[PDB]
Ligand SMILES: *[C@@H]1O[C@H](CO)[C@@H](O[C@@H]2O[C@H](CO)[C@@H](O[C@@H]3O[C@H](CO)[C@@H](O)[C@H](O[C@H]4O[C@H](CO)[C@@H](O)[C@H](O)[C@@H]4O[C@H]4O[C@H](CO)[C@@H](O)[C@H](O)[C@@H]4O[C@H]4O[C@H](CO)[C@@H](O)[C@H](O)[C@@H]4O)[C@@H]3O)[C@H](O)[C@H]2NC(C)=O)[C@H](O)[C@H]1NC(C)=O
Ligand SMILES: *[C@@H]1O[C@H](CO)[C@@H](O[C@@H]2O[C@H](CO)[C@@H](O[C@@H]3O[C@H](CO)[C@@H](O)[C@H](O[C@H]4O[C@H](CO)[C@@H](O)[C@H](O)[C@@H]4O[C@H]4O[C@H](CO)[C@@H](O)[C@H](O)[C@@H]4O[C@H]4O[C@H](CO)[C@@H](O)[C@H](O)[C@@H]4O)[C@@H]3O)[C@H](O)[C@H]2NC(C)=O)[C@H](O)[C@H]1NC(C)=O
Ligand SMILES: *[C@@H]1O[C@H](CO)[C@@H](O[C@@H]2O[C@H](CO)[C@@H](O[C@@H]3O[C@H](CO)[C@@H](O)[C@H](O[C@H]4O[C@H](CO)[C@@H](O)[C@H](O)[C@@H]4O[C@H]4O[C@H](CO)[C@@H](O)[C@H](O)[C@@H]4O[C@H]4O[C@H](CO)[C@@H](O)[C@H](O)[C@@H]4O)[C@@H]3O)[C@H](O)[C@H]2NC(C)=O)[C@H](O)[C@H]1NC(C)=O
Ligand SMILES: *[C@@H]1O[C@H](CO)[C@@H](O[C@@H]2O[C@H](CO)[C@@H](O[C@@H]3O[C@H](CO)[C@@H](O)[C@H](O[C@H]4O[C@H](CO)[C@@H](O)[C@H](O)[C@@H]4O[C@H]4O[C@H](CO)[C@@H](O)[C@H](O)[C@@H]4O[C@H]4O[C@H](CO)[C@@H](O)[C@H](O)[C@@H]4O)[C@@H]3O)[C@H](O)[C@H]2NC(C)=O)[C@H](O)[C@H]1NC(C)=O
Ligand SMILES: CCCN(CCc1ccccc1)C(=O)[C@@H]1OC(C(=O)O)=C[C@H](N)[C@H]1NC(C)=O
Ligand SMILES: CCCN(CCc1ccccc1)C(=O)[C@@H]1OC(C(=O)O)=C[C@H](N)[C@H]1NC(C)=O
Ligand SMILES: CCCN(CCc1ccccc1)C(=O)[C@@H]1OC(C(=O)O)=C[C@H](N)[C@H]1NC(C)=O
Ligand SMILES: CCCN(CCc1ccccc1)C(=O)[C@@H]1OC(C(=O)O)=C[C@H](N)[C@H]1NC(C)=O
Ligand SMILES: *[C@@H]1O[C@H](CO)[C@@H](O)[C@H](O)[C@H]1NC(C)=O
Ligand SMILES: *[C@@H]1O[C@H](CO)[C@@H](O)[C@H](O)[C@H]1NC(C)=O
Ligand SMILES: *[C@@H]1O[C@H](CO)[C@@H](O)[C@H](O)[C@H]1NC(C)=O
Ligand SMILES: *[C@@H]1O[C@H](CO)[C@@H](O)[C@H](O)[C@H]1NC(C)=O
Ligand SMILES: *[C@@H]1O[C@H](CO)[C@@H](O)[C@H](O)[C@H]1NC(C)=O
Ligand SMILES: *[C@@H]1O[C@H](CO)[C@@H](O)[C@H](O)[C@H]1NC(C)=O
Ligand SMILES: [Ca+2]
Ligand SMILES: [Ca+2]
Ligand SMILES: [Ca+2]
Ligand SMILES: [Ca+2]
């Protein structure tokens, strides 16, 4: 009908309830399930769907061998019904590529896939299921994007891309699209030193993205975007509760405008909801590997450099594998406020479970409740020995 | 369009005709069929569908091992087209959980799934395919619900939950929802001593639920609900024709307000249509196990403590397995009265058939006819030796 | 929109062109294809579909063993997209039973399935996908129907049933339904001595059915029905070109009102288009088994007892298996006249091919052309040795 | 809504971006994928789909043995969602045949399939999914057509057929259809000596087809059609950059009205976009086999007999297999001009890869960009050793 506008604020998050779970690897042990990674969730005005980058083979298929590799010509952004597994028969291909983002602006959906050699990649923006705009690599070193949904406001959907080194200063740009066309683009501003895989959400006409400093920070960079003025700024989450992975142990005081040193050249896509006292951070439990997952209420994490948790909820136990995590919200749900949601990628196979030759994942997603619900852990559930 | 109102009374039930049957286990022997249990049937204004709690694996899949277990993080309420089997590719996930109920109010469908640890479970009410309300456990001992459809009247859909001991007094509540929000809730009233898995239907602005006293009764408790006044009362079916399982042999006189003693701490979800002389009870043929299934016309069973059958129809022979059974009706069918219907879960595998390591089921459902149709038996049809 | 009326006459049939073919057995050798038999084709105002009675198992599945049996509780009328195979995932169940018919009246579709023991069978009429009317067996000996589509005119859809002996006089009735309700029923009139599996079509407000005299006739009985007056009459096709199977060799002169003697207690469902000089009969090539299939133009076959073919077209070579065949037409196609169509069931497995333990079929269907198209043969195409 | 009119001209083609890729053979190694060949892509006003001629068996199925054969009764034109593989469950059959073309005129789609013995083949034209017109063979030697989409203008959709010798003069006709009926047909005019498998596109009320001279030309014939006047003319592409296969090495000067001699009785379906300086030719890299694929910008190739490439883009490396290629465009995309697109069939199996007994393909398709995008190669991706 009409372009969606971010007119509400977030609901109070007192706990998280189970939203969707696909049990993809359990089911894929004996069904035609596609090998995937880098999944996310994204809603249209009438339906919410699971998304991920397919590897172009089933798990049980012989071509699953080698799916630890990130970029190839056999990957594609696919979407499928909520809580179903990504099967060969119920999956819709959005575009061809090895990096992506996608969002509905209220009228229709824009999907962006990037493909190519490391030094000659290109992004093709699809709108209403047709290619509309194409952007060629500007730094010649793996043009890449969010790996989770973008957000729009009155037709304008900002998207964060990064081109260049994964372990040094790189060239990050914020593009502002409207109906698939580029309205404008900015170079990154503010104090964030490196940006990768931003996880975004919007409320009260402002867009907040929590990204990943793959270079030196263990605290996460944040990009606040103004989709009307088409401007932005960046900094790091101030809290000592560190959310990247691998990372050092939490200190007593964090940093607001500099990376917190400790681990270099590594990380994991993550997110956060930054809303004053209504602030919740997500992180792996393990400081060493992508293992376990918990949500921690850390009042004013963004600005208070000594903020510590006042409440929490375990999502995945530290004995189970986790992986990427990002934000999304059903901006079209009935109600007075936006209900915050998130997904966690549960990676199985290589590199941790080396008995199999593949790497794939299942998904678990939750949404906030104003109630204080009891907690449960939500692991992948597959038994690797069944695949040997 | 508009909220459905229970304006008709039941049609005369002179016999039962075959409505739907999925042959899930026969077909699943060589197709990607999901392992399920606790199925039911539920209609929308334009289509009737099969529902059940998936175990998150196919029957032939290696993860089918162990599906005798009731609660895990891999279960989900799924729905699929009438008479089709629950396959990985044609199944729609309604919500994540190990206990459920669902009903269409005329405008849209409300689905409720409960998940969690035994001591910290929670129910999340979905309406129009979005989470709306969440209720946390109140007795800390397996919050659970109907396992068959709820019923609505003018927007109000009562749902019966039980939290606490399965073998002692517990805390049962009747919630009255309208568009996913709680309008009110009551503690159980009347003489029923224990309530579990209520099977409900509605006619002439009143809702009747036949439940299961898992503690001491072999006669079944009934809850009559008034969805306008939002009040209810309870008692037991008076008839000596006992319908729980396991149960003692039928006596010559039954009890109206007390459990009929004999078997303790066990039972099976069942139902009945209580309509004066137009009364039919369903029960397993075996008094010892969930074996066989028959419908018996027992005039005034609800109130006459010496009522005995005047007619009957065998649905499943006593040599074949049965299981749960519940009521539903297509409240949107053309016609002068509501046609009573029911389904029977045909459980295969553990515990009775221990040669396989899984537990699953198929479904058979019938609806009433005003004609006196000839009868046939409707067993599952799968040959277990084919799975060894 | 509105009830369809048979306002046109048939187009001139100068040859037959390929309409649809599913290659079900070839494909089912390595796909989840359902075992079927007794197929047919039937159109709705916006789509034409393949129909058949499923055996409730896939071909490669272990339960395929024994599917030579006609009646069981695992059969169901299913429909699926034109030229696709009947797979577990793309098949829609219409009703449960081992004998059926179905037709669209212009507003919606009526489907009828019969199920039960041989002596207590019953038909349940579904209209707009809901059960509406039920008819119990009247002769207590396998109540059965057409096995191909019925035809409607202004809301009224006559259906021919037979109850009683398959090899003696039986009780055949013509029911006239309108919106699933019985308007009236007649006992068979005219000179036909036995009626089974009628194949019907309609033109210029009249319905013609070519059936099967399983008792003594090798010439086929015809029932002409007047759907407005709700009356009918019957006779046999006069031509010496015999179309039942097994049958004697063609004589020089046929019979109009008596069965042509020769083979007793056997036959095959077949059809014909009887339209003066525009008359075409279908028959197996073999007089001994269901082998081969050809269409022969026999001017005035219905009334001329010495009529012989003036043109023909081979559909299936005599070295390939055939089986049932029936008529249907897309009454909603654009055009000045109705294009005659037909399907042939290509049976594979038992009894002829005894190396496998199953019996199933694929379908080939053609429609008339006013052109004189070249011919090709259309066999099933599967290699039985691949299933051993 | 209304008939589509070719009112725009082509967009400037500065490079090609990835549009769709199905990875059919990789996926089919462990999924129910149909064996195909002769694929193409074609759009409707609201969706673009992949098309191909199925062989009526899956790749892993035993009937895949022998699919190197072109014509049989088990082939059918099928369509399926863009970038999905042609699976048994997501594929829609358009018509039965071993040669085809299809196009949407703006209101609905016309599909044409040809089937039959070599000497008695016939084409049946379907419009709005119903058979409408039938054409019988005129030269009695494999009546055949485009193998890629046709194009329409104001209701009129010309289609090029060829009947007769594949290695001598034959009888080629251009039929002009409107709503499935023949408005008129012409014998081929101009200087083209032989025509096979034309690849067409339209812009500014004119239709251009690049075909294949299977007899003596290594330069390609072009047919320009005027869909309003219903007339046409033909010639050869003048450029020395030869695009058929197998072919001689490029000379310094080409021929405009005669076949360029060198290879006889062979070729491959190909295409080109002829638009003055905005001209791009597609060709296999290898001059000997269907190996590799590249696009070359050759300004004024159609008329300049010494034109050579000024830019290029490799699509498939010469170490990977290619095959047929053709044109299509989404005539319903938003925008000021038509974006040129094309697909390449990536053939795997026989005859080149003789270790397997089947022949099948996957598809890669690209569309033009006004940007100068970096390039990547897009091979099939399957490992044949996995099928042994
Ligand atoms: C029924 O359900 C309810 C609702 O869920 C249950 O109640 C909830 O119970 C939760 C579990 O206790 C509770 O969460 C906890 O909340 C406290 C604040 O009150 C919070 O501090 C906890 O978080 C710390 O603890 C967990 C491990 O327990 C850590 O994994 C987490 O990271 C937090 O500690 C780490 O960081 C802190 C800040 O930097 C450090 O001070 C601390 O030392 C620790 O650091 C080490 O570990 C880090 C992680 O590996 C590492 O990075 C660092 O370097 C150090 O090595 C936790 O969130 C909920 O608040 C509570 N909710 C409610 C409403 O009550 C109830 O139990 C259930 N009922 C039953 C019968 O079970
Ligand atoms: C064509 O189709 C028609 C239509 O279906 C057929 O006609 C129908 O035939 C039915 C079968 O005879 C008939 O049903 C019976 O109806 C009578 C009342 O008329 C009813 O009493 C029967 O029910 C008792 O019998 C069955 C076993 O036969 C029991 O399983 C059932 O539970 C009932 O008995 C038990 O409970 C009674 C009440 O408490 C006790 O008095 C009795 O002893 C027995 O108790 C023991 O068994 C219990 C069950 O295990 C146990 O819990 C208890 O502790 C005791 O151990 C049955 O419903 C239909 O009424 C009739 N319908 C019509 C319209 O006529 C016809 O046969 C078919 N035609 C052909 C040729 O076959
Ligand atoms: C390109 O395509 C065109 C178009 O299709 C081809 O032209 C067509 O060619 C057809 C084949 O010749 C031709 O069909 C024949 O038409 C004649 C009438 O003109 C018709 O009589 C033929 O039918 C008899 O013959 C076939 C076997 O050839 C039998 O199977 C059939 O049943 C008919 O014979 C049987 O019944 C008769 C009547 O009772 C008996 O007189 C006769 O003896 C025979 O009886 C025995 O066999 C019976 C069957 O088993 C059995 O029941 C009985 O007891 C006896 O044992 C046939 O239909 C088309 O008319 C013609 N169409 C056109 C427009 O020309 C052309 O060849 C193709 N081009 C090329 C190069 O091939
Ligand atoms: C990032 O991406 C960009 C964008 O793609 C890259 O830049 C592009 O790089 C392309 C590759 O160099 C370049 O394409 C080439 O363009 C030139 C014109 O400038 C064109 O001549 C090239 O085509 C010839 O060369 C290829 C092999 O290189 C041949 O396969 C092709 O057929 C052409 O040569 C053949 O035909 C000619 C004409 O007849 C003959 O003169 C020539 O000898 C040759 O003939 C033989 O081979 C034939 C084929 O087998 C055979 O039939 C014949 O008989 C003879 O045996 C090629 O298209 C793009 O123009 C350029 N694009 C842009 C915008 O710059 C950049 O490299 C990437 N960045 C990085 C870091 O890699
Ligand atoms: C830092 C995150 C993105 N990068 C670095 C890409 C890069 C490598 C080398 C040089 C420059 C850039 C990653 O490797 C991501 O890592 C991970 C990962 O699990 O950490 C998976 C992503 N599939 C991958 N992204 C891409 C495009 O390959
Ligand atoms: C009495 C019916 C519900 N209960 C008891 C739950 C309970 C156990 C122990 C203590 C308290 C409560 C059951 O076990 C039901 O039994 C059966 C059953 O077949 O009898 C299957 C149901 N899947 C299960 N329900 C749940 C939630 O697990
Ligand atoms: C004559 C056609 C219908 N009959 C006879 C049914 C009957 C048997 C014995 C006594 C009375 C009636 C058939 O056997 C048909 O035969 C055949 C067949 O291939 O000849 C298949 C049909 N599936 C079957 N119909 C039914 C209902 O079983
Ligand atoms: C020249 C292209 C079409 N022909 C020649 C048909 C023909 C043969 C012999 C005599 C006359 C005509 C082809 O063989 C095409 O070749 C090829 C091919 O890969 O070259 C595949 C096509 N499936 C096939 N077309 C048909 C209809 O069979
Ligand atoms: C969003 O705001 C714009 C004007 O700023 C308005 O035209 C549009 O309809 C609004 N969207 C909705 C969904 O109301
Ligand atoms: C149900 O009754 C309410 C008023 O009590 C009415 O507004 C509604 O339309 C009724 N529903 C239908 C389906 O008529
Ligand atoms: C069929 O005829 C009836 C009246 O006899 C008419 O009301 C109906 O609309 C007609 N059907 C169509 C499709 O015109
Ligand atoms: C099929 O069943 C029969 C009888 O039930 C048995 O002897 C036969 O061996 C079975 N065939 C196969 C392949 O299992
Ligand atoms: C195409 O042109 C015809 C008239 O020449 C017109 O009637 C039709 O609507 C046009 N099509 C569109 C899509 O405008
Ligand atoms: C395929 O068929 C040929 C000839 O029909 C046969 O020799 C060959 O072995 C078959 N190949 C396989 C793998 O079955
Ligand atoms: Ca980091
Ligand atoms: Ca009990
Ligand atoms: Ca006979
Ligand atoms: Ca050539």
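Residue numbers (PDB author numbering), protein chains in the order written: chain A, 82 to 169, 169A, 170 to 333, 335 to 392, 394 to 412, 412A to 412B, 413 to 468; chain B, 82 to 169, 169A, 170 to 333, 335 to 392, 394 to 412, 412A to 412B, 413 to 468; chain C, 82 to 169, 169A, 170 to 333, 335 to 392, 394 to 412, 412A to 412B, 413 to 468; chain D, 82 to 169, 169A, 170 to 333, 335 to 392, 394 to 412, 412A to 412B, 413 to 468. Each residue gets a CB set at the ideal place from its N, CA and C atoms; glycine is no exception.
{"Item": "Under 9 Å by beta carbon: chain B residues contacting residue 113 of chain C", "Value": "108, 111, 112, 113, 168"}
{"Item": "For residue 242 of chain A and residue 192 of chain A, believed in contact at Cβ under 8 Å, the rounded distance", "Value": "Wrong, their Cβ atoms sit about 13 Å apart, outside the cutoff."}
{"Item": "Partners in chain A for residue 162 of chain D, counting only beta-carbon separations shorter than 8 Å", "Value": "172, 173"}
{"Item": "Contact list for residue 141 of chain A against chain D, beta-carbon separation under 8 Å", "Value": "111"}
{"Item": "Whether residue 297 of chain B touches residue 281 of chain B by CB criterion (8 Å)", "Value": "no"}
{"Item": "Closer than 5 Å: residues whose CB approaches a heavy atom of ligand 7", "Value": "C:151, C:179, C:222, C:224, C:246, C:276, C:294"}
{"Item": "Members of the segment 192-226 of chain A near chain D, C-beta cut-off 7 Å", "Value": "195, 196, 197, 200, 201, 202, 204, 210, 211, 214, 216, 217"}
{"Item": "C-beta neighbour in chain D for residue 452 of chain C, strict 8 Å", "Value": "yes"}
{"Item": "Sub-8 Å separation of residue 112 of chain D and residue 176 of chain A beta-carbons", "Value": "no"}
{"Item": "Extent of the continuous alpha helix (DSSP H) run through residue 106 of chain D", "Value": "105-109"}
{"Item": "Environment of residue 468 of chain D [buried if 16+ CB atoms lie within 10 Å]", "Value": "exposed"}
{"Item": "Candidates C:407, C:210, C:452, C:464: closest to residue 121 of chain C by CA position", "Value": "C:407"}
{"Item": "Check: residue 304 of chain B C-beta below 7 Å from any heavy atom of ligand 16", "Value": "no"}
{"Item": "Residue 94 of chain C to residue 285 of chain C span [Cα, whole Å]", "Value": "20 Å"}
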